Every structure is written in structure tokens, then in C-alpha cells.
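Here the structure is laid out as C-alpha cells; the discussion comes afterwards.
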Amino acid sequence: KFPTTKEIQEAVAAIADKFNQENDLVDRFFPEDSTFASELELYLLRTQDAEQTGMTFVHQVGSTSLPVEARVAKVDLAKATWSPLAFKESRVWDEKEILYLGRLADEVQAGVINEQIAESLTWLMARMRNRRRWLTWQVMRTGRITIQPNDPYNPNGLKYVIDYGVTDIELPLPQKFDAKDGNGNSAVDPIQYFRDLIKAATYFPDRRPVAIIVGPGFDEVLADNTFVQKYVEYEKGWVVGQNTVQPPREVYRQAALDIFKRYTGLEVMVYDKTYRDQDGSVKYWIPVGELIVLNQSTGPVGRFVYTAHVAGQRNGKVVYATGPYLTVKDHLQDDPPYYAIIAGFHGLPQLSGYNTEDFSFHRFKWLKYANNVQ
Amino acid sequence: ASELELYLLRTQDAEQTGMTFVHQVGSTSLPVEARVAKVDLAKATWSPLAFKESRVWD
Amino acid sequence: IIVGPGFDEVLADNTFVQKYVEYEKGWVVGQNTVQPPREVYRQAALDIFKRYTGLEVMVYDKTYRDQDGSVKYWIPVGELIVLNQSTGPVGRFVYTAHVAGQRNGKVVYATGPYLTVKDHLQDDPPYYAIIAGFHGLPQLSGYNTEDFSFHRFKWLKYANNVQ
């Protein structure tokens, strides 16, 4: 029954087409890249534009041309020291339960085996894709990758801390937004706050908040903000002394995202899925409250790199596979008989082109603003 | 067939996400917890109710 | 008018532009509001200006990087420049002095970007270098020959605070 490795590859290509048919924000920001190397250069360097422009030289006649300072290239002379974190696992089936399920099927052994194997393949691909998502998200929400020994996806307890060195991924806040002062009032306008971010980025071309990202519920914090309430009241045209007595809450809940999107002008792309840990909880990739925000531009950023494979090289010389590797195993001839399969590869998300004139690089930052959510 | 299985089964989503494993170099793979199809092992007890009828004329 | 940077806030602080938006969008500060927010004015400033005065407001910031690493724009913050004859190509940029050998014969020089390299790998530092450069000047479009003056474009200053 459990056979057909070439058909397993075909059905795996079908499952990958089904997985990559839909796409996500976090998937959109990083393409899939594959290298035969393993040096794991943590960031590329790419900063040469009219923001780094400079202007040319006067000279009078009769002399040699005074040379061009190219100190960005000499500053770019450095090395990249980081190590690729693999991720790999394998699902196994005991022959006892496969003859249990073969007698349970009893109409097509290889067909129900094909269905069950392809189901487990799709689920394990989902585990792979969520590993990739947790990598990319764990760096972009905190600037760096940290592995404590107590991850539900770290049973071994292997720890790693690999940093990339974004300057300030956090943002200043004197307090959260929805603190209540006076009788009942917002502490601060968020829209006027992001106006202050643009006001600070008056000079600076890469502080200006371009497009914001927040997945779960945050709208209600806006709906409680009496500044945003006042925007909605002036927008739709109600004085609480004269035109209305008290507006209701789902007005604010309806209009807050759009009035924010119009008045601040940065896009609010809301894209959360969930990750299901071992502990039974269901959390979103974004945690509730806080929100990351791009403030240079909007486009791709970084790179998800496939670190090269360790495999049987060839009969002679060395060469390796470079994509999603796939192979089957039997241990049914053995003292515990078990049928197992393995596909999960070595990889790393890389950051974008670092700035080259200085070493600083901050394109995305975040702030925490919700001391009570649920 | 007429066995009348009381429930179908289909559940594989991002609320059933899972992820890969932090494994070190050069060791054996820590394998997959197989709780899904093991907990799925059950038998259904239901029976079809056939609905049949026939008019007649005097 | 041509002006690059954020001056829309400087528009929004002008209370006549405020009262423009107040009556135009239909809000009395005595009756229909106590005070409107600042950022409706921010959203409305360039549009209320363009529909009211009726001249094309082409707003264009360009990132100007000088030697000491700070960032500016070509137009400085605040003020403006303004055309007042027509919209159309004023001026011209002239590239002169196509320098080479003068020649073995007569001067019939080329007119475009010529570039050449200079290797010096034989020398006391053995170095490699490239040259390019343009002897040039922007030539303004001259007046109609009646007067001596030519004023197609002027400006004024108001940014008594930069920030």
C-alpha cells in the first residue's frame, strides 16, 4: 500500500501548489531563495539612491581632479557571522496501526494509504510553512531570533540567540493610548501621534510611517479614544450637545479603521492567521495590542534563504539537492516495525539590504499600547 | 452502503498548525507526535431512515 | 506654484483657510462644531487652495544629500517658488567645452557624454581610476527684447520657524 515515491513527489507538488496558491502578507514580504552555501550572511547591503546622493565637484582649469570620497564602500568592507538554523522532523507509523487502518479501509489499501499519506504530507507541510512564518515573524516583531529551551516546538531544549542589529525596534510611548483621564477621555490621539512621526521624519527620509500592520482586534481601542470619537463626530456631523445626545459604540467600531486610514494616510493591512502550539492555545502571529509599522517604504524586504541540503552526494564527487527534499523510509523489517517519512529542511530568513554609509538599519518598528485586551 | 457513519472527518488548518522542530546537528530526528489519527480512531453507531411512500386510487 | 516640503500645516494654521474649510464643508464653529480637528484641515489644505486660487500647485520634494550626511531638499522648508508668465519650458541647460585633443585638424567637436578611463597600475601607488565630467551652464530663456528685465519666477519667505 504505502508506496509510490514518484507519485508521492507528484502529490507533494500538488500539496505545495495548494499551499502556495493562497498567499499571505508575511509570505509576500519574503521570497523563497535557495543557496548551495551555508555561510549565512545575516543581511545583504543595498543603499545607493538619490537619498544618499551627493553632488559633484567644481574645479578650475590647470590641475588634477580632486578625487571622490567613496567611504561607503570602504565602510562596507566587513564580514557576516551567523549560523543557519535548520528545522527538520519526520512522522512515523507503527505497522500495528497501519494494518489496523488497512483492515479498517479494506476496499483500497494503496488508495486509502495514498489519501492518508497525502493528508499527513499536507499537515507536515503546514508545520513547515508555520515554522517559516514563526521565523520571519519572530524576527520582524522583535528585531532578532531568540530560542529559549521551553518552546513547544523545541522539545530538545536547544537554545540559540541570533541578532541582526536593527537600531530601535521599539517605539517611545509615555503610556498606552486608552488611559482614562479626567472623567473619561483618551490619553492621546493616535492620529496626531502618527502625525508626529511624519513631523519628525520631516528631514529624515526613512522614519516616515508608510504602511502599518496589525492583525487581531485593535479597533476598540481606537473606538474608545475620545479624540478619534471627536473625529467621527465632526466627520459624520454630530455635536453631543446639540445634534446627538450620545453616539453609540458600533458607530465608532464601524468607522475607526477607515477614518484612521483616511486621516493618517498610511495603509492598514490587517493580516493574521493563527499558530497552534503544543499547549493547546490559539494565538495569532501578531500578538494582541502591539503593531509593527514599516516606515521607509512599502515593497519586499529581506529574503528567506534555503540553506543547502546534506544528502547522499553522488556515487563519487559531491553535489546536493537545493529545494524541498523528499524521501521515504521503511523499518518494518525491524524489531519495532515502523513506517516513517522525512521532509523538512535547513533555512534562514535574511534581512534586506543594510544601509552602507552607516551601519544602522531600521525599516520597521513597533509599540505596545494595550494593558488589557480580553 | 448502508452503515450510516454519523460524522464525516476533515480538519487540517492553521488552527491545527504545528511547526517543525529545533534539532541539533548530526543527531537523530525527534519524531512527530501522532495524536491526530490516533485520537481519530473511533466507530460510529447510526442507521439510515429510509422514506418511502405510495399513493393509491379508488 | 512650486513648493516641495510640508507647508500644508502652515496652510492649516492660517485661520482664514480654516474658515474657508468651515463654511465650505459646512461647519459653523459657533453651531455645527466647537472646534474642528487639525487634520481635516491637513487633508483639505492643498485641495481648498487649488480650487480657490485656481493655479496649478505642483508639490515635489526631492531628497537632497549634502557632504556632512544630513538630509535636505532642493527647495528649502517653508516658503515656495512661483511661475507667473505661463507653464512651459523656461530656460535651457547648456553643455559646453567638449574637451579632448584640440585636434590634429579643425574643431568639429562632438556634443554629448564622452567618458574615458585612466589606469595607473604601473605607478608608485598602482591605482585605477575613471573620469567623467561636464563643462556646463544653465541658460535662462531670455526676455522679449523690449525691456531689459525678465521676471517669470519669484518667491517669498514666511518660514520664521523651521519646525
Going through the range A:41-76 in order, the residues found to be more than 30 Å from the chain's Cα centre (by Cα) and among the β-branched types (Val, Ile, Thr) are A:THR53, A:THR56, A:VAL58, A:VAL61, A:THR64, A:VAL68
In the range A:232-270, residues that are facing chain C (nearest Cβ under 10 Å) and among the aromatic types (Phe, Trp, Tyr) total 3
- Task: Using the structure shown, decide if B:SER27 is within 11 Å of chain A (Cβ to nearest Cβ), exposed (fewer than 14 other Cβ atoms within 10 Å of the Cβ), free of Cβ contacts under 8 Å to residues at least 40 places away in the same chain and assigned to a loop (DSSP other than H, G, I, E, B).
- Result: yes
Checked pairs for the range A:345-362, first in contact (Cβ under 8 Å) with a residue 12 or more places away in the chain, second of a type in the set (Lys, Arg) and in a loop (DSSP other than H, G, I, E, B), C-beta under 8 Å and 6 or more apart or across chains, list as A:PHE345/A:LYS88; A:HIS346/A:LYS88; A:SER352/A:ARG46; A:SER352/A:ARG363; A:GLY353/A:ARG46; A:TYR354/A:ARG46; A:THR356/A:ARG46
Those residues of the range A:32-48 which are surrounded by 11 or more Cβ atoms within 10 Å (Cβ to Cβ) and in a loop (DSSP other than H, G, I, E, B) amount to A:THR35, A:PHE36, A:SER38, A:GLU39, A:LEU40, A:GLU41, A:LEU42, A:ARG46, A:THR47, A:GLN48
C:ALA45 vs (1) within 14 Å of another protein chain (Cβ to nearest Cβ); (2) over 17 Å from A:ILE198 (Cβ atoms): all pass except (2)
Among residues of the range A:180-192 being part of a loop (DSSP other than H, G, I, E, B) and of a type in the set (A, V, I, L, M), the residue nearest to the other protein chains (Cβ to nearest Cβ) is A:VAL188
From the option list A:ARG262, A:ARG253, A:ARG249, single residue qualifying as touching a helix residue (DSSP H, G or I) at 6+ places or on another chain (Cβ under 8 Å), loosely packed, with under 13 Cβ neighbours inside 10 Å and among the basic types (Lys, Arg) is A:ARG249
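Just give me the residues in the range C:38-75 being β-branched (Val, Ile, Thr) and in contact with a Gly (Cβ under 8 Å, 6 or more places away or on another chain), in sequence order.
Listed by number, the residues that qualify are C:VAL59, C:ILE75.
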Selection from the range A:327-352 of residues closer than 23 Å to A:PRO84 by Cα and surrounded by fewer than 17 Cβ atoms within 10 Å (Cβ to Cβ) yields A:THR327
Those residues of the range A:153-184 which are hydroxyl-bearing (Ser, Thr, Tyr) and under 29 Å from A:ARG208 (Cβ atoms) amount to A:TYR164, A:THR167
Counting only residues in the range A:294-318 that are aliphatic (A, V, I, L, M) and touching a residue at least 12 places away in the same chain (Cβ under 8 Å), the one nearest to A:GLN9 (Cα to Cα) is identified as A:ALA311
Listed by first then second residue, the pairs whose first member lies in the range A:319-343 and is without any contact (Cβ under 8 Å) to a residue 40 or more places away in the chain, whose partner is of a type outside the set (A, V, I, L, M) and loosely packed, with under 14 Cβ neighbours inside 10 Å, with beta carbons under 8 Å and at least 6 positions apart or on separate chains, are A:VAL319/A:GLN313
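When you check A:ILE259 against the structure, is it in contact (Cβ under 8 Å) with a residue 12 or more places away in the chain, of a type in the set (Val, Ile, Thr) and part of a loop (DSSP other than H, G, I, E, B), yes or no?
no
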Residue pairs qualifying under the 9 Å Cβ cut-off, at least six apart or on distinct chains, with the first in the range C:128-148 being within 14 Å of chain A (Cβ to nearest Cβ) and free of Cβ contacts under 8 Å to residues at least 60 places away in the same chain and the second being basic (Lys, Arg) and in a strand (DSSP E or B), are C:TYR128/C:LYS118; C:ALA129/C:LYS118; C:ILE130/C:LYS118; C:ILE131/C:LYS118
Of all strands (runs of 3 or more DSSP E) fully inside the range C:49-163, the set with 2 or more residues that are of a type in the set (A, V, I, L, M, F, W, C), more than 30 Å from A:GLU357 (Cβ to Cβ) and in contact with a strand residue (DSSP E or B) (Cβ under 8 Å, 6 or more places away or on another chain) is none
In the range A:77-119, residues that are crowded, with 16+ Cβ neighbours inside 10 Å, more than 8 Å from chain B (Cβ to nearest Cβ), within 38 Å of the chain's Cα centre (by Cα) and of a type in the set (S, T, N, Q) total 1
Scanning the range B:2-24 for residues that are touching a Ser or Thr at 6+ places or on another chain (Cβ under 8 Å) and surrounded by 12 or more Cβ atoms within 10 Å (Cβ to Cβ), the one farthest from B:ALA50 (Cα to Cα) turns out to be B:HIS23
Counted residues in the range C:53-76 being surrounded by 11 or more Cβ atoms within 10 Å (Cβ to Cβ), hydroxyl-bearing (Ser, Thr, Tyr) and closer than 20 Å to C:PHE16 by Cα come to 0
For the range A:297-335 the number of residues that are more than 30 Å from A:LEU266 (Cα to Cα) and assigned to a strand (DSSP E or B) is 6
*Has the range A:193-216 got at least one residue that is over 30 Å from C:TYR64 (Cβ atoms), without any contact (Cβ under 8 Å) to a residue 12 or more places away in the chain and not in a loop (DSSP other than H, G, I, E, B)?*
no
Note on A:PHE177: of the conditions (1) surrounded by 13 or more Cβ atoms within 10 Å (Cβ to Cβ); (2) within 14 Å of chain C (Cβ to nearest Cβ); (3) out of contact with any strand residue (DSSP E or B) (no Cβ under 9 Å at 6 or more places or on another chain), unmet is (2)
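Read-outs throughout are calculated quantities, based only on the coordinates presented, and are distinct from any laboratory measurement. In this analysis, Cβ positions are derived from the backbone assuming ideal geometry, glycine residues included, and neighbour counts consider all displayed protein chains.
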